[PDB]
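>>> Let's see this in three dimensions:
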Amino acid sequence: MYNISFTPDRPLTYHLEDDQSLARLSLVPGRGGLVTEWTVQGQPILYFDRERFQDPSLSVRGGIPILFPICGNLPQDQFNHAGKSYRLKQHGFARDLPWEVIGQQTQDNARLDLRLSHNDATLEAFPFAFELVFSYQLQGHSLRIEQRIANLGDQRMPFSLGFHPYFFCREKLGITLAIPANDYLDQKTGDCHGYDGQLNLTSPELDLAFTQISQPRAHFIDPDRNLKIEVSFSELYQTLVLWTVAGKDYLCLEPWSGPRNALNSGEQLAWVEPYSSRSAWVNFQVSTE
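Numbers count the residues shown, from 1 in each chain. Below is the structure:
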(Lines give C-alpha, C1' and ligand atoms only; values in the text may rest on other atoms or scores of the structure.)
Protein backbone atom coordinates (compact mmCIF):
# COMPACT_ATOMS: atom_id res chain seq x y z
CA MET A 1 0.00 0.00 0.00
CA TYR A 2 1.31 3.42 -1.02
CA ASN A 3 -0.05 6.46 0.76
CA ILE A 4 0.55 10.19 0.50
CA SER A 5 -0.74 12.95 2.78
CA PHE A 6 0.42 16.36 3.91
CA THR A 7 0.02 18.90 6.71
CA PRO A 8 -0.66 22.39 5.28
CA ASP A 9 1.43 25.46 5.95
CA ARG A 10 0.97 27.34 9.23
CA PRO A 11 2.71 30.66 9.97
CA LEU A 12 4.54 31.63 13.12
CA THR A 13 1.64 32.35 15.45
CA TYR A 14 1.73 34.06 18.82
CA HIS A 15 -0.82 33.15 21.49
CA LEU A 16 -1.95 35.60 24.15
CA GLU A 17 -4.00 34.86 27.25
CA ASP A 18 -5.44 35.81 30.63
CA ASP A 19 -6.33 32.45 32.23
CA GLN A 20 -8.36 34.51 34.67
CA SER A 21 -10.77 36.08 32.22
CA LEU A 22 -10.46 32.96 30.08
CA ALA A 23 -9.25 35.15 27.23
CA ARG A 24 -6.99 33.99 24.43
CA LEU A 25 -5.86 35.69 21.24
CA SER A 26 -3.92 34.58 18.18
CA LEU A 27 -1.62 37.03 16.41
CA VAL A 28 0.48 36.11 13.36
CA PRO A 29 3.07 38.95 12.73
CA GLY A 30 4.45 37.81 9.38
CA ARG A 31 1.01 38.39 7.83
CA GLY A 32 0.63 42.09 8.52
CA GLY A 33 0.92 42.09 12.32
CA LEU A 34 -2.54 40.56 12.20
CA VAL A 35 -4.78 39.54 15.10
CA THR A 36 -6.61 36.59 13.55
CA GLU A 37 -8.75 35.09 16.31
CA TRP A 38 -9.86 36.16 19.78
CA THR A 39 -11.90 34.22 22.38
CA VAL A 40 -13.40 35.12 25.74
CA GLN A 41 -14.61 32.18 27.81
CA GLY A 42 -14.23 30.11 24.66
CA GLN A 43 -16.68 32.10 22.57
CA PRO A 44 -15.34 33.61 19.29
CA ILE A 45 -15.47 37.38 19.46
CA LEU A 46 -13.75 37.73 16.05
CA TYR A 47 -14.68 36.11 12.73
CA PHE A 48 -11.96 34.38 10.73
CA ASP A 49 -11.93 32.53 7.42
CA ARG A 50 -9.30 29.83 8.10
CA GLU A 51 -9.50 28.05 4.75
CA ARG A 52 -9.03 31.27 2.83
CA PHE A 53 -6.11 32.23 5.10
CA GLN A 54 -4.37 29.18 3.65
CA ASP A 55 -3.73 30.61 0.16
CA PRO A 56 -1.10 33.22 1.08
CA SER A 57 -2.20 35.23 -1.97
CA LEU A 58 -5.81 35.88 -0.93
CA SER A 59 -6.71 38.94 1.11
CA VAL A 60 -7.44 38.12 4.71
CA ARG A 61 -11.15 37.92 5.58
CA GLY A 62 -11.57 38.10 9.31
CA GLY A 63 -9.42 39.11 12.23
CA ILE A 64 -8.22 42.70 12.47
CA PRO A 65 -6.49 43.89 9.28
CA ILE A 66 -4.43 47.10 9.42
CA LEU A 67 -4.95 49.86 6.84
CA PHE A 68 -1.86 52.00 6.10
CA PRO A 69 -0.88 54.44 4.57
CA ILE A 70 -4.47 54.69 3.26
CA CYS A 71 -7.93 53.34 3.98
CA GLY A 72 -9.95 52.21 0.97
CA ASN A 73 -8.66 52.78 -2.55
CA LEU A 74 -7.52 55.72 -4.65
CA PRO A 75 -8.87 56.85 -8.03
CA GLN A 76 -6.67 55.19 -10.66
CA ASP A 77 -4.98 53.61 -7.64
CA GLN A 78 -2.59 56.55 -7.45
CA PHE A 79 -1.72 59.92 -5.94
CA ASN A 80 0.78 62.56 -6.95
CA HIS A 81 3.35 63.94 -4.55
CA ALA A 82 5.89 66.61 -5.43
CA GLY A 83 5.21 66.24 -9.14
CA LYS A 84 5.92 62.51 -9.11
CA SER A 85 3.15 59.90 -9.25
CA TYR A 86 2.71 56.90 -6.91
CA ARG A 87 0.65 53.70 -7.06
CA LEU A 88 -1.02 52.26 -3.96
CA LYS A 89 -3.39 49.31 -3.70
CA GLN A 90 -6.55 49.41 -1.62
CA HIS A 91 -5.72 49.70 2.12
CA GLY A 92 -2.02 50.13 1.52
CA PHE A 93 0.63 47.51 2.20
CA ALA A 94 0.84 47.18 5.97
CA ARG A 95 -1.67 44.32 5.77
CA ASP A 96 0.53 42.57 3.17
CA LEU A 97 3.92 42.69 4.94
CA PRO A 98 5.67 40.88 7.77
CA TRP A 99 6.18 42.72 11.08
CA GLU A 100 8.90 41.88 13.66
CA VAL A 101 8.34 41.25 17.35
CA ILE A 102 10.44 43.81 19.25
CA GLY A 103 8.99 43.32 22.69
CA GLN A 104 6.90 41.34 25.15
CA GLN A 105 5.45 41.95 28.60
CA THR A 106 3.33 39.79 30.84
CA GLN A 107 2.76 41.80 34.04
CA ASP A 108 -0.27 44.09 33.66
CA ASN A 109 -1.59 42.12 30.69
CA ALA A 110 -0.53 39.93 27.76
CA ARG A 111 1.45 42.36 25.64
CA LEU A 112 3.09 41.82 22.26
CA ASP A 113 5.03 44.60 20.51
CA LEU A 114 5.40 44.55 16.71
CA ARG A 115 7.30 46.68 14.24
CA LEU A 116 6.79 47.57 10.60
CA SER A 117 9.50 49.57 8.89
CA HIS A 118 9.62 51.16 5.49
CA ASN A 119 11.87 49.62 2.81
CA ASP A 120 12.85 50.02 -0.87
CA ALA A 121 9.66 48.37 -2.11
CA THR A 122 7.57 50.51 0.20
CA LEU A 123 9.33 53.77 -0.73
CA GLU A 124 8.50 53.00 -4.34
CA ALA A 125 4.76 53.34 -3.61
CA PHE A 126 4.95 55.73 -0.65
CA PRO A 127 8.11 57.97 -0.54
CA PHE A 128 8.26 58.38 3.25
CA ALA A 129 10.64 56.81 5.77
CA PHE A 130 7.89 55.53 8.07
CA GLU A 131 8.24 53.33 11.13
CA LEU A 132 5.31 51.80 12.98
CA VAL A 133 5.40 50.08 16.36
CA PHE A 134 2.06 48.69 17.50
CA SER A 135 1.44 47.31 20.95
CA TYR A 136 -1.25 44.68 21.38
CA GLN A 137 -2.39 44.34 25.00
CA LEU A 138 -4.84 41.67 26.10
CA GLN A 139 -6.55 41.81 29.50
CA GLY A 140 -9.84 40.69 30.97
CA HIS A 141 -12.45 41.14 28.27
CA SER A 142 -10.73 43.64 26.03
CA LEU A 143 -8.07 44.19 23.38
CA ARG A 144 -6.17 47.45 23.16
CA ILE A 145 -3.77 48.28 20.35
CA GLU A 146 -1.46 51.23 20.69
CA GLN A 147 0.25 52.79 17.72
CA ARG A 148 3.21 55.07 17.23
CA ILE A 149 3.44 56.35 13.66
CA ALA A 150 6.93 57.67 13.05
CA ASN A 151 8.47 59.62 10.23
CA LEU A 152 12.21 58.91 10.14
CA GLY A 153 12.64 60.97 7.00
CA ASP A 154 13.31 64.63 6.17
CA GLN A 155 9.87 65.83 5.09
CA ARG A 156 6.26 65.82 6.30
CA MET A 157 4.48 62.51 5.90
CA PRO A 158 0.80 62.41 5.04
CA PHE A 159 -1.03 59.22 5.95
CA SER A 160 -4.15 57.34 6.94
CA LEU A 161 -4.40 54.52 9.45
CA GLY A 162 -7.27 52.13 10.03
CA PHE A 163 -8.30 48.95 11.78
CA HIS A 164 -10.69 46.59 10.04
CA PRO A 165 -12.01 44.29 12.81
CA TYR A 166 -14.34 41.46 11.75
CA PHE A 167 -16.63 40.89 14.74
CA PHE A 168 -18.46 37.55 14.93
CA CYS A 169 -22.11 37.99 14.15
CA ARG A 170 -24.58 35.30 13.07
CA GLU A 171 -28.03 36.59 14.01
CA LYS A 172 -27.83 40.07 12.47
CA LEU A 173 -31.53 40.90 12.78
CA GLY A 174 -31.41 41.29 16.56
CA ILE A 175 -28.32 43.49 16.39
CA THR A 176 -28.67 46.75 18.32
CA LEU A 177 -26.47 49.54 16.88
CA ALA A 178 -24.99 52.69 18.37
CA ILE A 179 -23.06 54.74 15.84
CA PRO A 180 -22.54 58.47 16.72
CA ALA A 181 -23.50 60.00 13.38
CA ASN A 182 -26.53 61.39 11.58
CA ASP A 183 -25.60 60.38 8.04
CA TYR A 184 -23.50 57.79 6.25
CA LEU A 185 -21.99 57.15 2.83
CA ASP A 186 -22.78 53.98 0.89
CA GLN A 187 -19.32 53.53 -0.55
CA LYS A 188 -20.83 51.17 -3.10
CA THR A 189 -23.03 53.72 -4.86
CA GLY A 190 -21.46 56.86 -3.44
CA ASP A 191 -24.80 58.32 -2.34
CA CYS A 192 -25.39 59.65 1.17
CA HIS A 193 -28.21 58.63 3.49
CA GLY A 194 -29.74 59.72 6.75
CA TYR A 195 -29.02 57.60 9.81
CA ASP A 196 -31.72 57.26 12.46
CA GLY A 197 -29.88 54.94 14.81
CA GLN A 198 -30.66 51.58 13.25
CA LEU A 199 -30.29 49.64 10.02
CA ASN A 200 -31.02 46.30 8.35
CA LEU A 201 -27.75 44.38 8.75
CA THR A 202 -29.52 41.48 7.06
CA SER A 203 -29.34 43.36 3.74
CA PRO A 204 -27.33 41.73 0.90
CA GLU A 205 -24.45 44.13 1.51
CA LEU A 206 -23.84 47.17 3.72
CA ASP A 207 -20.70 49.25 3.11
CA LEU A 208 -21.28 52.43 5.10
CA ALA A 209 -18.76 55.18 5.87
CA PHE A 210 -19.78 57.54 8.69
CA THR A 211 -17.26 60.35 8.25
CA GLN A 212 -19.01 62.71 10.69
CA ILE A 213 -19.08 61.28 14.22
CA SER A 214 -19.92 62.90 17.55
CA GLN A 215 -18.34 60.33 19.88
CA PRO A 216 -14.88 58.77 20.21
CA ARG A 217 -16.71 55.44 20.45
CA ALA A 218 -19.37 53.12 19.04
CA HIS A 219 -20.82 49.67 19.78
CA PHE A 220 -23.46 47.07 18.98
CA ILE A 221 -25.43 44.59 21.05
CA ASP A 222 -26.27 41.07 19.93
CA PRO A 223 -28.98 39.50 22.11
CA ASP A 224 -28.68 36.07 20.51
CA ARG A 225 -25.23 35.86 22.05
CA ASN A 226 -26.32 38.21 24.83
CA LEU A 227 -23.31 40.55 24.68
CA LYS A 228 -22.13 43.88 23.32
CA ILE A 229 -18.98 44.79 21.42
CA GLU A 230 -17.76 48.37 21.85
CA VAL A 231 -15.15 50.22 19.79
CA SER A 232 -13.39 53.22 21.34
CA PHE A 233 -10.50 55.27 19.91
CA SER A 234 -8.03 58.13 20.31
CA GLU A 235 -8.61 61.39 18.38
CA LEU A 236 -6.61 60.27 15.33
CA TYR A 237 -9.76 58.43 14.23
CA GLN A 238 -12.52 60.58 12.77
CA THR A 239 -14.33 58.07 10.55
CA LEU A 240 -16.38 54.96 11.26
CA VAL A 241 -16.90 52.27 8.63
CA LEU A 242 -19.42 49.42 8.68
CA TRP A 243 -18.93 46.33 6.46
CA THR A 244 -21.17 43.28 6.24
CA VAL A 245 -22.55 40.87 3.64
CA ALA A 246 -25.38 38.35 3.37
CA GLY A 247 -24.13 34.92 4.41
CA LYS A 248 -20.72 35.55 5.99
CA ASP A 249 -21.19 35.87 9.76
CA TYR A 250 -19.31 39.07 10.62
CA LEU A 251 -19.97 42.75 11.24
CA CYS A 252 -17.14 45.24 10.78
CA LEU A 253 -17.28 48.39 12.93
CA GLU A 254 -14.05 50.01 11.77
CA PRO A 255 -12.18 53.10 13.05
CA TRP A 256 -10.40 55.05 10.25
CA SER A 257 -8.26 58.14 10.71
CA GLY A 258 -9.73 59.33 7.44
CA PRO A 259 -12.11 58.26 4.61
CA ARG A 260 -11.36 56.88 1.16
CA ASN A 261 -9.10 59.04 -1.03
CA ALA A 262 -7.98 61.15 1.93
CA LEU A 263 -4.36 61.11 0.66
CA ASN A 264 -5.66 63.03 -2.38
CA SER A 265 -8.53 65.14 -1.04
CA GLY A 266 -6.92 66.01 2.29
CA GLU A 267 -10.09 65.10 4.17
CA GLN A 268 -9.22 64.11 7.76
CA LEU A 269 -5.75 63.45 6.37
CA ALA A 270 -2.96 63.19 8.96
CA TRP A 271 0.71 64.18 9.05
CA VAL A 272 3.91 63.36 10.93
CA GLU A 273 6.66 65.98 10.95
CA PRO A 274 10.22 64.95 9.95
CA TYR A 275 12.17 62.89 12.49
CA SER A 276 9.05 62.83 14.65
CA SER A 277 6.17 60.50 15.48
CA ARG A 278 2.63 60.55 16.85
CA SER A 279 0.73 57.98 18.87
CA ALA A 280 -2.82 56.72 18.98
CA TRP A 281 -4.88 53.82 20.20
CA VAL A 282 -8.01 51.80 19.50
CA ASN A 283 -9.87 49.74 22.09
CA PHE A 284 -12.19 46.76 21.95
CA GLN A 285 -14.41 45.94 24.91
CA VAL A 286 -16.74 42.97 25.16
CA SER A 287 -19.62 42.89 27.66
CA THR A 288 -22.12 40.21 28.68
CA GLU A 289 -25.24 42.37 28.61
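>>> Would you check how far apart residue 171 and residue 202 are?
The gap separating residue 171 from residue 202 is 9 Å, by Cβ to Cβ, to the nearest Å. For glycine as for every other residue, the C-beta is placed from the backbone atoms N, C-alpha and C.
>>> all strands of the stretch 101-250 of the chain, in order?
110-117, 130-139, 142-151, 157-159, 162-163, 166-168, 176-178, 183-186, 192-194, 205-210, 217-222, 227-233, 239-245, 250-256 (DSSP state E, counting those that start in this stretch).
>>> out of these, nearest to residue 46?
strand 166-168 (6.0 Å; Cβ to Cβ).
>>> which residue is nearest the middle of the protein?
For the chain, the residue nearest the mean C-alpha position is residue 163 (1.9 Å; Cα atoms, centre = their mean).
>>> was I right about residue 14 contacting residue 112?
Yes - using Cβ atoms under 8 Å, residue 14 is in contact with residue 112, at 5.7 Å.
>>> For these two, work out which one has more neighbours and name it.
With neighbours defined as other Cβ atoms under 10 Å, residue 14 and residue 112 compare such that residue 112 has more, 23 against 16.
>>> Pairing partners for the more buried one in the sheet, please.
residue 104, residue 136 (DSSP bridges).
>>> quick one: contacts for it?
Neighbour list for residue 112: 14, 16, 27, 101, 103-104, 135-136 [criterion: Cβ atoms under 8 Å, 6 or more residues apart in numbering].
>>> distance of it from residue 134?
For residue 112, the distance to residue 134 - Cβ to Cβ - is 9 Å.
>>> and what of residue 174?
Per Cβ to Cβ, residue 174 is found 33 Å from residue 134.
>>> Let me see the residues that make contact with stretch 3-10.
With Cβ under 8 Å, 6+ apart, stretch 3-10 has contacts from 54, 56.
>>> Please renumber the chain so that the first residue is 46 from this point on.
Got it, first residue is 46 now, which makes that one stretch 48-55.
>>> how long is that stretch from one end to the other?
Distance across stretch 48-55, first residue to last, is 23 Å (Cα to Cα, to the nearest Å).
>>> isn't residue 186 right next to residue 330, touching?
Yes - between residue 186 and residue 330 there is a contact at 6.6 Å, judged by Cβ under 8 Å.
>>> Would you map the helices across the chain?
165-168, 307-310 (DSSP state H).
>>> and residue 312, how many neighbours does it have?
15.
>>> Tell me who's in contact with residue 251.
244-245, 287-290.
>>> swap that for residue 332, please
Residue 332 makes contact with 186, 272-275 under the criterion Cβ under 8 Å, 6+ apart.
>>> please redo it, this time with the cut-off set to 10 Å
186-187, 264, 266, 271-275 (Cβ atoms under 10 Å, 6 or more residues apart in numbering).
>>> Report the beta-bridge partners for residue 274.
Residue 274 has these beta-bridge partners by DSSP bridges: residue 265, residue 331.
>>> separation between it and residue 163?
Distance from residue 274 to residue 163, by Cβ to Cβ: 33 Å.
>>> What of residue 172?
9 Å.
>>> okay, the two: which has more neighbours?
residue 163 (21 against 15).
>>> right, and that one touches residue 194 too?
No - using Cβ atoms under 10 Å, residue 163 is not in contact with residue 194, being 11.5 Å away.
>>> so what sits against both of these two?
By Cβ under 10 Å, 6+ apart, the residues touching both residue 163 and residue 194 are 114, 175-177, 202.
>>> so which pair among those is furthest apart in space?
114 and 176 (12.3 Å).
>>> who touches both of those two?
163, 194.
>>> Look at these two and report which has more neighbours.
A count of neighbours by other Cβ under 10 Å puts residue 114 above the other of residue 114 and residue 176, at 26 against 17.
>>> From residue 147, how far off is the more buried one?
Distance, residue 114 to residue 147, by Cβ to Cβ: 21 Å.
>>> For the closest residue to residue 120 other than its chain neighbours, list the residues it contacts.
Leaving aside its sequence neighbours, residue 120 sits nearest to residue 306 (Cβ to Cβ, 6 or more residues apart in numbering; 6.5 Å). Residues in contact with residue 306 (Cβ under 10 Å, 6+ apart) are 115-120, 124, 205, 312, 314.
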